[PDB]
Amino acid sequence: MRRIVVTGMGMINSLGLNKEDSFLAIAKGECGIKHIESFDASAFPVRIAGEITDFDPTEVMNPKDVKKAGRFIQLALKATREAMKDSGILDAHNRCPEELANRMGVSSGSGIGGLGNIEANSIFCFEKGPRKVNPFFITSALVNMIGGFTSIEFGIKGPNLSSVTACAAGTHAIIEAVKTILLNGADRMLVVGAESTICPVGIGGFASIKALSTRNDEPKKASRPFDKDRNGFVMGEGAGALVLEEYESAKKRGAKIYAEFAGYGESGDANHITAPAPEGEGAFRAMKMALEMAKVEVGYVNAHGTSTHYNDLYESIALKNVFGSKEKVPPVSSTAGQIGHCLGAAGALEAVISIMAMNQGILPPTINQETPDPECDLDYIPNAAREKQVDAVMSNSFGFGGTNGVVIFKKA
């Protein structure tokens, strides 16, 4: 069918403000997880998170507009600006050329978007009445306002789409973009996943279901995917961004080619609202469907690997079953140890990370591997990055509601 390439990338997370600084720190096995300081978490059972402390919103938008955008959108406007410039597509005004604008869209993803803004205006309304609800509340908080602000910022007028499938949103935003190009609804798609939920009701929500790690004393050992001492995820904030283009278009305009899109898979467990399907059954089907569609040898897997008991175990089971045996599973790592699990943004961050691993022949490690889990018996690239050339990479994402998405990119 139609062919699709990645021509621009960007990302911002707790280990870097750009994809270059971020990936290096991730491949070195550093860790951006810190103690929450965006809010007073002193009374909370969970006081750590993958916070970005160096991010300045007034660098990506003028000071008047900062109050109109939730933090996840500010992060998205940074990552997309990097990717859009990286792509070389912008004109002299830093805007998409007019003759191309109708055919370039945006596919955005977030699990919940502007939670802190909903929380704040909810409290305003509950303390002072509705007249204290700020006019900029709604458009600062809706998930699709990522595509809203980004499309106005770059003048792209193609399909403007938003995925909100929980912790798989960033991967589904990639796939919906692919589908749109494959069906000739666009020739290019800005893709961006973005999430920033480090706020009281955000941390308390995941604490009250015991989803989060409570290793507060050690923020840099808390997130440990597949380890035997894993005791919950650590919430991270960030955004990742890709530019996708139909292959001939990219060639004609002389594009940088990071990767070619190879295959995808989507499924639902129809089992449980938070727990994974037994044996990762839904994950298995999405992974098989992506592998059958890519028809390439995957040399590296970026796992969802959120540091929970069920995900790491049921994701490991599904990986064996799809590759046949534990010996046939390619090298796997989760980078959630380094930057935390970034929820709706994870799928997008981990596609950028995975393609860069391929580009550089450097496979980042899973950090904090201290005690092998006998039931998690794969090669998780423990602690130290592996220099290895791969020709294709696969990234997995699963969300509450049992929704699964998998993407495979291959070498250009």
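Residue positions are given as counts along the sequence shown, with the first one as 1.
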| query | finding |
| --- | --- |
| Of 216 to 224 and 143 to 151, the stretch whose C-alpha atoms average the higher B-factor in the entry | 216 to 224 |
| Given 10 to 18 and 395 to 403, the range whose Cα B-factors average higher in the PDB entry | 395 to 403 |
| Selection by C-alpha B-factor (highest) of 81, 309, 341, 285 | 309 |
| Residue, from 94, 121, 74, 197, that the PDB entry assigns the highest Cα B-factor | 94 |
| Where the record places residue 107 (Cα B-factor, split into thirds across the chain) | lowest |
| Assigned third (lowest, middle, highest) for the C-alpha B factor of residue 61 | highest |
| Position of residue 136 among the chain's modelled residues by C-alpha B-factor, lowest, middle or highest third | middle |
| CA B-factor placement of residue 30, once the chain's modelled residues are sorted into thirds | lowest |
| Residue 179 - which third its CA temperature factor falls in, relative to the rest of the chain | middle |
